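All residue numbers in this chain count up from 1 along the given sequence.
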Amino acid sequence: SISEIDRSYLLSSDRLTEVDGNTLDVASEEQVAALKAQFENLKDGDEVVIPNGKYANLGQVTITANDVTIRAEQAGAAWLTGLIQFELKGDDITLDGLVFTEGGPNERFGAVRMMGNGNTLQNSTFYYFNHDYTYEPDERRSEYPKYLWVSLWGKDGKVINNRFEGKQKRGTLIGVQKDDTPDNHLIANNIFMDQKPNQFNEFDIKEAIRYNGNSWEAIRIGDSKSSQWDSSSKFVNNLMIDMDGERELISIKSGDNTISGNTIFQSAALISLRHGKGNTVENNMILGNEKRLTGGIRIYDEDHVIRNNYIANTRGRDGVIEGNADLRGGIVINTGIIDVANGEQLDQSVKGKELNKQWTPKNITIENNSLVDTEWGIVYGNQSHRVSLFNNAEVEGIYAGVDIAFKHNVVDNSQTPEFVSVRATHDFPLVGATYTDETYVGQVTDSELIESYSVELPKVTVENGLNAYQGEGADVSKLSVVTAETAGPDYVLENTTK
Ligand SMILES: O=C(O)[C@@H]1O[C@@H](O[C@H]2[C@H](O)[C@H](O)[C@H](O[C@H]3[C@H](O)[C@H](O)[C@H](O[C@H]4[C@H](O)[C@H](O)[C@H](O)O[C@H]4C(=O)O)O[C@H]3C(=O)O)O[C@H]2C(=O)O)[C@@H](O)[C@@H](O)[C@@H]1O
């Protein structure tokens, strides 16, 4: 039952083999060199099968061949340590069953740079791959370097059935580096665990905290320069546990993406529609389990669809680092810095309103969500933005969300009705908000901004440990918890080192 879920349950499956790292032999400098030549002399259609063992410091491994598979002889038993980057330049390259641990990326765009079309990373495990690369506050501004683990630069990439555990230095774990056309990447059925910041005193440098405490996402799809183009990528059916990197768990920074059906458990980080248009966030199960600074989804930009999510037991309103508009709750409609009600846009040529700034939300559909025991439920934004991560001046000119349509949502704080189910604010009234058959039980601040809603719960049943509200809220038929029965590789590792 929902409240009783824990990591052990989420991570258990009888399908999983144990791979003992202690039973693996360390390849010699000679054997590593030989493995390396094999990689680089591949012909199209070939396979490289890596004998069980631990292989230190492969370094820069460039794959130019098409239609090749690089795989462990036994899944999980080819451990790649020290510095390594697979740079996948050919099309239709598959990496399969690899382990990256006790080492770090040889170049900052990750252990795996998926640059061709149809590249795949599957059944693989990253375990605390935070080591061996220089990691210092820089001379210019005391900024620590961002190192990713996987990056996607081509088309039709798939990152499926992997485990990405313990990313604990700065940098997004997966980055999509796209161009002007749709990418159609699939990031699905992965396990993400234990990302967290400030494990190496990065935050001790107080003047640099706004940026040093930023760029710890689990995934970033697109970026500010590319954000006004469609990616059409999918982040679906993933299991995320104790992912606490930063304010954004997932940063969507491009258009037409799907972020749906993921289970997000005790993660102090929000799905963030940061830049770009027309993104859809549906059927996710966000189970905060009462952990501080958990939350659902925060929203900038236009045309998004947020429907049928189940967001439960979340806590906390204000992130610890200031000036980053870090306002949390179940669903947060951010302020931005442009007058969208009069058609204003962000624009790379307009000083102060560049594409990396804050697009006031507009034309948002928020329907059939169930928010259960959320300390801050639907939060209408009031943040004051800074000019940039590096300029701490406050922007004068802050606007509220526009044309926000709420329908059939249920915010059920019947357990602790002192919790704020809907946080409206006369400081920033929404413009053209509509309310259709909303149900809000618990505190509603500035309720006179809201035309109508019901304060009486429909009939409530429990189906599969979820609340089902008769005729309203998230349809529980569309919802299920992702566990290691479908997510992650088909093995677990023993005798690893952080
Ligand atoms: O969430 C907020 O309310 C808000 O978020 C912060 O803004 C966004 C902006 O896009 C900002 O520029 C910044 O993104 C940078 C950053 O450097 C990030 O790591 C990423 O870098 C990518 C990108 O492809 C780059 O071109 C690059 O060379 O490296 C990549 C990398 O992964 O290293 O994207 C760039 C960028 O595209 O501009 O942070 C963003 C974010 O965190 O969501 C900021 O306004 C913050 O104060 C505020 O909290």
Tell me whether [X] contacts the main-chain N or O of [Y] through its side chain, where contact means a donor paired with an acceptor under 3.5 Å.
| X | Y | answer |
| --- | --- | --- |
| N212 | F203 | no |
| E367 | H408 | no |
| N130 | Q168 | yes |
| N237 | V482 | no |
| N262 | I264 | no |
| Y310 | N467 | yes |
| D46 | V68 | no |
| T314 | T374 | no |
| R423 | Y380 | yes |
| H304 | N279 | yes |

Heavy-atom neighbours of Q415 CD exceed 12 at 6.0 Å: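 No, not enclosed.
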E322 CD: over 12 foreign heavy atoms closer than 6.0 Å: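 12 or below, so no.
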Do you know which two heavy atoms are closest between [X] and [Y], and how far apart they sit?
| X | Y | result |
| --- | --- | --- |
| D132 | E102 | OD2-O, 4.0 Å |
| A77 | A72 | N-CB, 4.5 Å |
| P145 | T134 | CG-O, 3.7 Å |
| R71 | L98 | C-CD2, 4.2 Å |
| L293 | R328 | O-NH1, 2.8 Å |
| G442 | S421 | CA-OG, 3.5 Å |

State which residue, out of [options], fulfils the side-chain contact (heavy atoms from CB on, under 4.5 Å) condition with [X].
| X | options | answer |
| --- | --- | --- |
| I306 | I299, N284, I333 | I299 |
| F100 | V112, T81, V150 | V112 |
| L95 | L88, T120, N162 | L88 |

If only side-chain N and O atoms count, and only distance matters, is there a donor-acceptor pair under 3.5 Å linking [Y] with [X]?
| X | Y | result |
| --- | --- | --- |
| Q443 | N413 | no |
| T62 | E87 | yes |
| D256 | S232 | yes |
| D92 | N66 | no |
| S226 | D223 | yes |
| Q60 | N106 | yes |
| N313 | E290 | no |
| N123 | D490 | yes |
| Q85 | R108 | no |

Working for side chain to side chain contact (heavy atoms under 4.5 Å, CB included), residues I378 and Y440: CA-CA 10 Å; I378 304 174; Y440 302 143; 4.2 Å; yes
CA sep, side-chain torsions, deciding dist, call: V481, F265, side chain to side chain contact (heavy atoms under 4.5 Å, CB included): CA-CA 10 Å; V481 177; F265 178 73; over 6 Å; no
From [X] [atom1] over to [Y] [atom2], what is the distance, rounded to the nearest 0.5 angstrom?
| X | Y | atom1 | atom2 | answer |
| --- | --- | --- | --- | --- |
| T280 | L273 | OG1 | CG | 9.0 Å |
| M193 | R163 | CE | CZ | 4.5 Å |
| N190 | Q122 | CG | CD | 11.0 Å |
| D91 | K155 | CG | NZ | 12.5 Å |
| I187 | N238 | CD1 | CG | 8.0 Å |
| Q177 | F109 | CD | CZ | 5.0 Å |

[X] bridged to [Y] by N-O distance under 4.0 Å:
| X | Y | answer |
| --- | --- | --- |
| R170 | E202 | no |
| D242 | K196 | no |
| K277 | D301 | yes |
| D194 | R7 | yes |
| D183 | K234 | no |
| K158 | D156 | no |
| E282 | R307 | yes |

State, yes or no, whether a side-chain contact exists between [X] and [Y] at a heavy-atom distance under 4.5 Å.
| X | Y | answer |
| --- | --- | --- |
| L80 | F129 | no |
| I250 | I252 | yes |
| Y469 | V460 | yes |
| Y128 | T497 | no |
| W153 | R113 | yes |
| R315 | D373 | yes |
| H185 | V159 | no |
| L11 | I191 | yes |

Worked verdict on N57 versus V32 for side chain to side chain contact (heavy atoms under 4.5 Å, CB included): CA-CA 8 Å; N57 293 309; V32 182; 6.0 Å; no
Worked check of side chain to side chain contact (heavy atoms under 4.5 Å, CB included) between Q74 and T17: CA-CA 10 Å; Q74 212 215 306; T17 299; 4.2 Å; yes
Ring centroid separation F235 to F192 under 6.0 Å: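 Distance test on ring centres: under 6.0 Å, yes.
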Aromatic centroids of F126 and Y147 separated by under 6.0 Å: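 Here the rings of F126 and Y147 have centres that are no less than 6.0 Å from each other.
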